[PDB]
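Protein chains in written order, with the deposited numbering: chain Y, 264 to 291; chain L, 533 to 580; chain Z, 26 to 47.
Yeah, the Cβ is synthetic: ideal placement off N, Cα and C, and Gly gets one too.
Here is the structure we will look at, set down as structure tokens.
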Amino acid sequence: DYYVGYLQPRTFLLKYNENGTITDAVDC
Amino acid sequence: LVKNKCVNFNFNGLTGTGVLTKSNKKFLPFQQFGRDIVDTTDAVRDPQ
Amino acid sequence: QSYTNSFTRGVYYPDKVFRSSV
Ligand SMILES: *[C@@H]1O[C@H](CO)[C@@H](O)[C@H](O)[C@H]1NC(C)=O
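Structure, rendered in structure tokens:
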């Protein structure tokens with residue numbers, strides 16, 4: 264019923280809306 | 533608070549000089565400052 | 026348990042700086 268994951272250092276590209284909301288991300 | 537005039541401002545320990553005018557940018561409720569594409573603090577929110 | 030794949034989940038706001046269309 265629940266999931267578990269782990270994090271790693273990475274470089275990401277983020278898109279900010281004309282509000283401030285994040286709408287999409289792209290991995291590198 | 534003085535608007536449309538050159539003053540020295542101190543917002544929550546952030547100090548600078550400039551002219552404070554009304555804006556239309558919409559922050560999110562957990563955001564305090566605002567920054568430009570490179571380094572400058574373009575916008576700021578009144579704590580009160 | 027089993028093993029699956031996460032499509033795109035796990036994105037959070039890094040800081041508290043407002044940005045518009047960047
Ligand atoms: C900003 O968000 C509001 C809803 O809170 C919406 O009505 C408005 O069109 C949005 N405009 C943008 C993307 O700047």
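- Taken from the Cβ of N282 (chain Y), at least one heavy atom of ligand 1 lies inside 6 Å.
- Neighbours of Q563 (chain L) in chain Y, taken as residues at a C-beta separation under 7 Å, are given in chain order as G283.
- Bridge partners of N540 (chain L) according to DSSP: L:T549.
- Here the segment 270-288 of chain Y lies against the segment 550-565 of chain L, with 3 or more beta-carbon pairs under 8 Å apart.
- Taking a C-beta cut-off of 7 Å against chain L, the contacting residues of the segment 27-42 of chain Z are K41 and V42, listed in chain order.
- Taken atom to atom, the span from the alpha-carbon of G35 (chain Z) to that of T572 (chain L) is near 29 Å.
- Rounded to the nearest whole angstrom, the CA to CA distance from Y38 (chain Z) to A575 (chain L) is 19 Å.
- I285 (chain Y) is bridged by DSSP to Y:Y279.
- A check of alpha carbon separations from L552 (chain L) across L:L533, L:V570 and L:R567 identifies L:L533 as the nearest.
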